[PDB]
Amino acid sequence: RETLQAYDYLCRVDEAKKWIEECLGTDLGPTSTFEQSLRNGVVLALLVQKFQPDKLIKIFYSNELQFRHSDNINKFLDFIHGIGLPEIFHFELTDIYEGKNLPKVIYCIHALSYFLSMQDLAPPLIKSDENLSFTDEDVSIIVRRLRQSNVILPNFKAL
């Protein structure tokens, strides 16, 4: 069933969101729109900054003029490649910039969080509460997205 699959994925997104919220110490909006909110690269770039306090990272989020998403996105990619993590754990610019594989981005955040907490450089990702749920609207939206793509959801369990 697509609904059950949608339910599963929404919990993974919620877990990734909560982990970064805890890391950035800030509120990051609804889970149903979290993936889309990552496309401009700001949040991921802030994650980098946090782990590289000795480096100044120019992050762009101007509301007066359009900024280059890839600039913030490449900051995150350089970081996950720079710490030597396997390519299988990452995502590509297109996946997030064009939103062609947002779940991969979420999987990437899960992977990163595991490696980092494992090296205890950060608190661990936390499995969603068992009673954690979402509105049918949010779930149906996920189902529609799955019906519009050929994307296959990543293997979170194996993490």
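All residue numbers are counted from 1 along the displayed sequence.
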Looking at the deposited entry, does 120 to 128 or 44 to 52 carry the larger mean Cα B-factor? 120 to 128
Averaging CA B factors per stretch from the PDB record, which one is higher: 60 to 68 or 102 to 110? 60 to 68
Identify, among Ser32, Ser37, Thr26, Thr94, the residue whose C-alpha carries the highest B-factor in the deposited PDB entry. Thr26
Position of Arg145 among the chain's modelled residues by C-alpha B-factor, lowest, middle or highest third: highest
Chain third (lowest, middle, highest) by recorded CA B-factor, residue given as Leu153: lowest
